Each structure stands twice: as C-alpha cells, then as structure tokens.
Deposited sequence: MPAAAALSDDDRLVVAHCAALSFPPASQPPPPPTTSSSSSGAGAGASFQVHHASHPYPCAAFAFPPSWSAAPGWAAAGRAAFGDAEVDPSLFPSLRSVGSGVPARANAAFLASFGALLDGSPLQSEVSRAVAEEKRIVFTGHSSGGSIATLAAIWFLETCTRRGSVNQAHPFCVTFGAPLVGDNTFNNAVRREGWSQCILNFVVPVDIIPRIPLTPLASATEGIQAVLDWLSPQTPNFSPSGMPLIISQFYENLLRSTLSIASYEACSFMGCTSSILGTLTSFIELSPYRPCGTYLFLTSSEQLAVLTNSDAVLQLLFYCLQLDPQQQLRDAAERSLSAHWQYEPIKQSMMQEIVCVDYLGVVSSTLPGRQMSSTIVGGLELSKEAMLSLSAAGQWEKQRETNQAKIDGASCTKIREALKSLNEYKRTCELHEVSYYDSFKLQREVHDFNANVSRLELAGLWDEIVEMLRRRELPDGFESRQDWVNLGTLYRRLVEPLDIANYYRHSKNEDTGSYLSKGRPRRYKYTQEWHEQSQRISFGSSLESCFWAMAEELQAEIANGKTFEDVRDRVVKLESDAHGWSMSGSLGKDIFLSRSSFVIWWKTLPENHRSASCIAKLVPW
C-alpha cells in the first residue's frame, strides 16, 4: 500500500484542516491557496444525544436505509441490498442539502478549479464523511471525471455505516479519499458500538462532560453513571470484536448463528483509512477494516493496577487532545505500517507486550491482528487463481460457441432455434461448452457472496466486458434449454421464477459501469419474453387480450436494434419470431414499429 504514505501536499492540507476544526448546521467556508487553491467546508459538532446522535425510533442502534436518490451507488451490486447508516446523521445531512446553501458553495469552488476538502470534529467529522461521498456521486455520474477527489479529514469521528456501506466505498475506490485520525484512548469513536437508543441517559451524561459550552464543575467528580457506562462500553466492545474475530479466523460453529438473535451486535463498521496517534513521532496507518475494529478494543484494556473510574477519565480527556496534530504534521512523521510490522514479527519470538509501533498490545491482540492480516492475503491468492486458469478457460469456451453461432448463421437459421431442437452433433457440443461455462462463472459468484475476493473485483473493466460478452452469447442458449425441457409449466416463467444468478450479477455489473437505470439492460433476455407471449396466445388467450404486451415487445426490440445490442439472428427470415409475427392480425402488422426490420 504505497498510497498509505502521505505526500507533502496532503500533510499541509491536513494541518490546515486541524486549525479550522480546533480554533485557538452552520457550515463554514474557508479559502486557502497553500499548497494549492482549495476550499474547506467545516461542520460543527453535536452535543445532544437526541435527536443529534440517536433519533426517536424502536431500533436499538438508530440505523436507517440510505436515500437512493442522494446515494445511488451505496448498494450491493450483486444483490441490490441498500446500505444502512445512522438515522440522525443522515437526516442532518439532508437538511443541509435542502435548507443550507452548501450546495451553492461547493459548486462555486468547482468553478474556481479548487480542490475541496471536508473537515470536522466529533459528530461534525461524521457529517463530513457523508458530504465527501455525496460530492463523489455527483462527479462520477456526470462526464466530469477529471475533478479532483475530495479529501475527508476527520478527528475522532463516530462509526457510521454498515458492512454494505463499507464494501460499496471500497469497490469504487473512495476509501483513500477519507482520512480518520483517532486517539487510541478516545471514547467517542467507540460510542456507536454500544446501543444508543436503549441507553440514552449515559450518552447524554458523557456528552455534557465533553461539551465545552456545558459547565462541568462537579466537586465530587465524574458521576457514577459515567463510570458504569464506561464498563458497559468495554463489555459491548468485547462482544462485537469477538463476534467479528470468529468470522476471519475460521470458527464456523453452529452456536454462533443462534447467539446472534440473543445478543445485541452493533451494525456499524469502520470505513476509510485510520491513522492512530500512537506517539508524536509515529503514526500507525491501517487500511484493513477488520484490523481497525480489533484495535478499538485491545487499546482500551485496563492496566494491571488501575480502577475503571481512572480509566474513564483518561478516555474522556483524550477526545480533546487532537490539537498537537497541526504542529506535529509540519515536521516529518514516520508513517509506520501496523499490519505489516505485526505480520513481519516472528511467531512465538517477542510474543510479550512489546512496543510494536508504540502501542503495547496484548497476546490476544497480536493473534487477532495476525489472523486479520492472513485473511487479506488469502483473498488476494483467490483472485490470482480466478485470473489465471479460470480466465483462460472461459475465453476458449466463448470462442467455440462463437463458431457455432457463425456456422448456423451461414445457413440462414438462428442458433437459438437450432439449439432448441438439439438435432445434430453441433448442438450437443454447444451444450457441453455451456455447462462448463456455467460452472466457472458460478464459482466466481459464490465466492463473491461470502466476500472471498477483493472489493474491487466487480469494478474491473476486464471482467465487466467479459461478463457482458458471456451474457449476450449464452443467455439465449440457456433460455432455449429452459423452454425445451418444459420447465416453464412446473416452476414458472423464466424472467419471473427461474433465472441463473450469474446472469443477474453480470447485468448489474454492466449497468453500474455505464451509470444507467438498473433493470433496463434486458437485451439478452429477449427470447424469454417472446416465448412466454407465444405460450399465452396458445393457452386460450386472444391477441386482443395480450396486444398491450406485444407492442411493448416491439418497442423494446426497435430500441435495442438501434444501439446494436439486439441479436442479428432474430430477423433472418427463418426464426420463430419472424414466422409468428407474420401470423399476427393484419391490422397490427400494417401499423407496427418493426414493419421494416422484418425481412419482407
């Protein structure tokens, strides 16, 4: 990860953001020309548990779905599952977009050719993360891809998002644009891990202590509710860390599934690059999300001789210690990698609580970090195998099927009709190639479901183009196999009930790349809609009852033929569609949008 190292321009930007966040709704605009012209948008923090942090809802964690209009890419490409985030934080950002003039200010800086950045402290930095993603979505959708990527600098921001949310940003490649500075003893980033709505009194109490405006001059000291809340926070952090630890370690126990329904697990996961402030001269940089989550707990373990009241006081005061970042960033700071150093350490040797980058971790912490590092290496190894023998075999099978299509096209027949009959040896050979292709593609889909591959696999143009070619050449063959075995009379329609998941995944990959409406690229599944129409017309229904569906089919065929996505074997004067069309009533045939594409 060479991108982990911070360039001199990046360090200067971070130092400028720190000054604005910690000066010596109401967003602030700051313009600076050092090192390059830039505009900074600061977001004030929130010191209210409700509705600032937790809204009014029956959910125990305050999670809500993301608005599709504002964030159309924050979703699972394969399955279409929308991402989730904090309800209060999402609502606050939406108010700024509609009410605040922030939408006008960000456009002006773009017109000034200035790279924009987002900065914030505590809950303010959480909103800045959403703002940076929103700017990325607008630029990506339009043709202005030359715009500079936003810089999201956060200082101790609470965890916001979900597993789907974290996966989406990594797939696009926007994780490098988000920088998170977190003190190892800070308590604020770990607050979302404990249930927020269930325990609001404790959250409000600690927020009042951390609020600079709120006076905190209790003669006795920290209230007992805060001390009790700290103990519950540590226990809650242990539960979520342990549950996620078994995921990448290989536990696979039948009791884990049942325990999920009986214990409360926080859905929030770390997102972006995290830079732990281990010391003044060192800055641990971690990019793996799993490693960051483990570090959030093992860095708060109690000392051998210390009370929970004393530990809570240090954690509370650590939230207001990000000020020396600006002064330290001016000089060179060793950006020592943490996952590499832990992995480089020999097993057994130096297994004690060594410095290991300045943070004296525990024995279980070393094992957890090592397991997380090996999990990342395993995923890279799986991609190498898929990109090797598997990729070569797919291309050879496609070449064989292309020749079969060419051979049938020379006899003025469609390869769809020929495959449906399955008369000669050529049809059998095509069937063998189709079965081999299905197995190779299913392995890729199966591994993607369980996250055994890097998040950027679905964004590579080589695989997207290969999937489109595979879909637009073999789907009609699969449709013919479905209807030649009379599988539509015992299960259902091809487009409704029985459709391979691999074709759905490939279609969604192509739609996302071209930024088109989802579910509109149905050119491959053209014969399926035609066969169903021919089935209904012969099941008792008349043409007048289904003429509404016929004209929709004709309109889609005309539009696809203009772009060229439509197959060239549909109007070869000997296909089933051409013969069926001529048998239609003369009134429809006389006035149709495909009256000239047919080989009359």
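No alpha-carbon coordinates exist for the deposited sequence positions 1, 26-45, given here in order along the chain.
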